[PDB]
Amino acid sequence: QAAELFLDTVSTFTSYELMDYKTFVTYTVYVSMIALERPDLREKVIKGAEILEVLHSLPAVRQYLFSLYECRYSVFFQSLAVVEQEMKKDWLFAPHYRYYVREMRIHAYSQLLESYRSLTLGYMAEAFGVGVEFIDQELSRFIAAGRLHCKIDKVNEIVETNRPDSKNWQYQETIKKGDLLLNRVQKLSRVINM
Amino acid sequence: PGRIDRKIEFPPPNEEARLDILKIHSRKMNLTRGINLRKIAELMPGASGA
């Protein structure tokens, strides 16, 4: 919703509160890179001249956007650590800087990993980002986190993916909201009538 | 002269008094950032408010 309110970046103005228009540009790209998928990214932010000419003055942000779009995975963690570091030292993003990059990592892992089925784990250290045990414990906590749809083999050194349906995942949030609202109207149901 | 109490003249707008009508009237449009209404107010040589 935040990028959706940040949709225009055209009628937006040289503000009193974001006196840099380009800081508003950095904000809308930082929220857009999570908020929208490839089709949207591959038309909206990549072809906008009004969005292009303002990151034209940005050396890192133009790199940080194009390292993700142009499959430059290894430097993406470097610039990711930069923007995550400043975001850690940033007002209004310091409430959710850990929330940001835990979505960025699983987003890039979804991007590369949802291409092939038989890509091995040792392939990714040199072409993707260094640390075989880091990719080990990192994907292990994400499959263990119940996302990042694949299934890793260990003692033959290969990573296998699958594809799930839109059934049980879409079922899950329905039973979440059903139990949540059941708690709500149950609680209020005991609130009224003594 | 014992009839009318006050008579008030209405002049055509100058370059100042066209810019504010551009300001008020330009409110309900979906603009683009950077317009420079001063130039356009100079381009109109003061016809009337309509």
# chains A, B, ... in the order shown; residues from 1 in each chain; ligands from 1
$ interface_residues --of "chain B" --to "chain A" --cutoff "8 Å" --atoms "only C-alpha atoms" --output "MDAnalysis selection string"
chainID B and resid 30:33
$ write_last_selection --atoms "C-alpha atoms" --output "PDB file, in the first residue's frame"
ATOM      1  CA  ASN B  30      -3.909  16.776 -12.116  1.00  0.00           C
ATOM      2  CA  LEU B  31      -0.790  18.770 -12.875  1.00  0.00           C
ATOM      3  CA  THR B  32       2.862  17.937 -13.426  1.00  0.00           C
ATOM      4  CA  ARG B  33       5.599  19.187 -11.105  1.00  0.00           C
TER       5      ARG B  33
END
$ residues_around --residues "region 24-29 of chain B" --least-positions-apart "6" --cutoff "12 Å" --atoms "only C-alpha atoms" --output "number ranges by chain"
A: 11; B: 17-18, 35-37, 49-50
$ select_by_dssp --residues "chain B" --states "alpha helix (DSSP H)" --output "VMD selection string"
chain B and resid 15 to 25 37 to 43
$ atom_distance --atom1 "CA of residue 158 (chain A)" --atom2 "CA of residue 121 (chain A)"
5.6 Å
$ atom_distance --atom1 "CA of residue 114 (chain A)" --atom2 "CA of residue 163 (chain A)"
8.8 Å
$ residues_around --residues "region 44-48 of chain B" --least-positions-apart "2" --cutoff "10 Å" --atoms "only C-alpha atoms" --output "list in words"
residues 11, 12, 13, 14, 15, 17, 18, 39, 40, 41, 42 and 50 of chain B
$ residues_around --residues "residue 134 (chain A)" --least-positions-apart "5" --cutoff "12 Å" --atoms "only C-alpha atoms" --output "ChimeraX atom specification"
/A:121-122,124-125,128-129,139-141
$ select_by_dssp --residues "chain A" --states "strand (DSSP E)" --output "NGL selection string"
:A and (150-153 or 158-161)
$ residues_around --residues "residue 48 (chain A)" --least-positions-apart "5" --cutoff "12 Å" --atoms "only C-alpha atoms" --output "list in words"
residues 7, 8, 9, 10, 40, 41, 42, 43, 53, 54, 55 and 56 of chain A
$ write_last_selection --atoms "C-alpha atoms" --output "PDB file, in the first residue's frame"
ATOM      1  CA  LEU A   7       2.529   5.511  -7.268  1.00  0.00           C
ATOM      2  CA  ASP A   8       2.838   8.829  -9.064  1.00  0.00           C
ATOM      3  CA  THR A   9       6.192  10.516  -8.174  1.00  0.00           C
ATOM      4  CA  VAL A  10       5.187  13.099 -10.807  1.00  0.00           C
ATOM      5  CA  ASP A  40       5.636  -4.285 -12.729  1.00  0.00           C
ATOM      6  CA  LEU A  41       9.339  -3.700 -12.148  1.00  0.00           C
ATOM      7  CA  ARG A  42      10.038  -4.583 -15.787  1.00  0.00           C
ATOM      8  CA  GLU A  43       7.707  -1.891 -17.003  1.00  0.00           C
ATOM      9  CA  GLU A  53      16.628  10.899 -14.418  1.00  0.00           C
ATOM     10  CA  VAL A  54      16.542  11.260 -10.641  1.00  0.00           C
ATOM     11  CA  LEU A  55      18.414   8.019  -9.924  1.00  0.00           C
ATOM     12  CA  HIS A  56      20.648   9.160 -12.770  1.00  0.00           C
TER      13      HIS A  56
END
$ decode --residues "region 20-38 of chain B" --atoms "C-alpha atoms" --output "short mmCIF file (atom, residue, chain, number, x, y, z; two decimals), in the first residue's frame"
data_model
loop_
_atom_site.label_atom_id
_atom_site.label_comp_id
_atom_site.auth_asym_id
_atom_site.auth_seq_id
_atom_site.Cartn_x
_atom_site.Cartn_y
_atom_site.Cartn_z
CA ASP B 20 -3.66 34.11 -8.41
CA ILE B 21 -6.63 33.23 -10.61
CA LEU B 22 -4.30 30.72 -12.22
CA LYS B 23 -3.49 29.55 -8.69
CA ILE B 24 -7.07 29.12 -7.50
CA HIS B 25 -8.33 27.85 -10.82
CA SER B 26 -5.38 25.45 -11.26
CA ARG B 27 -6.33 23.57 -8.09
CA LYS B 28 -8.66 20.86 -9.42
CA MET B 29 -6.37 19.67 -12.20
CA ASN B 30 -3.91 16.78 -12.12
CA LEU B 31 -0.79 18.77 -12.88
CA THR B 32 2.86 17.94 -13.43
CA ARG B 33 5.60 19.19 -11.11
CA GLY B 34 7.14 22.34 -12.52
CA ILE B 35 4.69 24.56 -14.34
CA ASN B 36 5.88 28.21 -14.08
CA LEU B 37 2.50 29.94 -14.23
CA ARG B 38 4.27 33.33 -14.16
#
